[PDB]
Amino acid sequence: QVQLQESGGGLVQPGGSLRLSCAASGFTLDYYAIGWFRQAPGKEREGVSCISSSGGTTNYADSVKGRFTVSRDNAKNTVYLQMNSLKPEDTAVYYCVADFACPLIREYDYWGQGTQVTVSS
């Protein structure tokens, strides 16, 4: 059984930070590109970020650009999303995918249950 395991979510004040983790289960993610999308209730899936296997290529959606940083540790089989300066607009469940390249080729699909992120006062 192969899946990605999302964690690191939680509640934070506006301006706050969180670091999210995407950890492969049942496979090694070294050679695969990984990307993040998020979904909030009453909203469609929206792409957040994506990173190439070598880390040499990263992508970000416009509304998170500058604030988010995606990184990976292949020896740890884990991909990270550093979220800084969090805005209420960033409230959503965050999901991880694995793919052949960054930018993503395949349409977004769920690899796990995701991690909840709430930013509110």
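Numbers follow the displayed sequence, beginning with 1.
Taking only CA atoms, the mean B-factor in the PDB entry is higher for 57-65 than for the other of 57-65 and 22-30. The stretch with the higher mean CA B factor, choosing between 40-48 and 76-84, is 40-48. Annotation for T115: C-alpha temperature factor in the middle third relative to the rest of the modelled chain, per the entry. Residue-level temperature factors show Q5 in the lowest third of its chain, judged at the C-alpha atom.
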